[PDB]
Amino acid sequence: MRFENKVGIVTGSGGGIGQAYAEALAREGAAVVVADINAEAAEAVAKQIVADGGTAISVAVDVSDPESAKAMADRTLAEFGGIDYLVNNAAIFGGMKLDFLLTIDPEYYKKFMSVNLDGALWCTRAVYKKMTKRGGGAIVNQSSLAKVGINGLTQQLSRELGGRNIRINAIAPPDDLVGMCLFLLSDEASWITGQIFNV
């Protein structure tokens, strides 16, 4: 119960490893905001967390949209009174589509690049002043070439966030991830900010 009475937001938590991050946080006492572009999936995971004796709500977010990220943060405040943690796991999985850049749909490509590269930026901007008001916080960026973008972003934000007691780190890739993520959120990772963990 490391995270008792803490508040964490996990983007892309409607499924996959994001869901496991959300569930693990709630298992250890945190109020979790289950944020996903898919509302129904997010609500499904939140409902199971609550049925399991946890605290969670779901929220629809478009991580590529700064205002949708802001709304996610304001909802978390209204529902839980503060924000301690943010896990930027939301991503667009493209796979072989990006092998055909000459013919790929422009709007798909733009959304893919925007979510995967800037998603963590908009969500970080949406939470960091609220965290500061809590006395500090911790953020984890889940990376996915181009993953140097999130590595670069993580180093930059780590410096900009200095003096707020806010740490920010990146994980670059099976419940060893979960263990690593929650560790990077916890107070035992106090010496760690601006670092990239290869998993």
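From 1 onward, residues are counted along the sequence shown.
How many residues that are in the deposited sequence but not in the model lie between residue 156 and residue 157: none, 1 to 3, 4 to 9, or 10 or more?
-> The entry has no gap there; residue 156 and residue 157 are joined directly.
Can you say how many deposited residues have no coordinates in the span between residue 173 and residue 174, choosing none, 1 to 3, 4 to 9, or 10 or more?
-> The entry has a long gap there, with 10 or more residues left out between residue 173 and residue 174.
As stated in the PDB record, which stretch has the larger average Cα B-factor, 174-182 or 187-195?
-> Of 187-195 and 174-182, the stretch with the higher C-alpha B-factor average is 174-182.
Identify the stretch, either 157-165 or 48-56, whose C-alpha atoms have the larger mean B-factor according to the entry.
-> Mean B over CA atoms: larger for 48-56.
Have a look at 141, 38, 132, 64 and flag the one whose Cα has the highest B-factor in the entry.
-> Reading the PDB entry, the winner on C-alpha B-factor is 38.
Taking the Cα B-factors listed in the entry, which of 30, 34, 69, 145 comes out highest?
-> If I rank 30, 34, 69, 145 by C-alpha B-factor, first place goes to 145.
Residue 91 by Cα B-factor - lowest, middle or highest third of the modelled chain | Ranked within chain, residue 91 CA B lands in the middle tercile.
Could you look up the Cα B-factor of residue 12 in the entry and say which third of the chain it sits in: lowest, middle or highest?
-> Ranked within chain, residue 12 CA B lands in the lowest tercile.
B-factor third for the C-alpha atom of residue 75 within its chain = For residue 75, the deposited C-alpha B-factor lands in the middle third.
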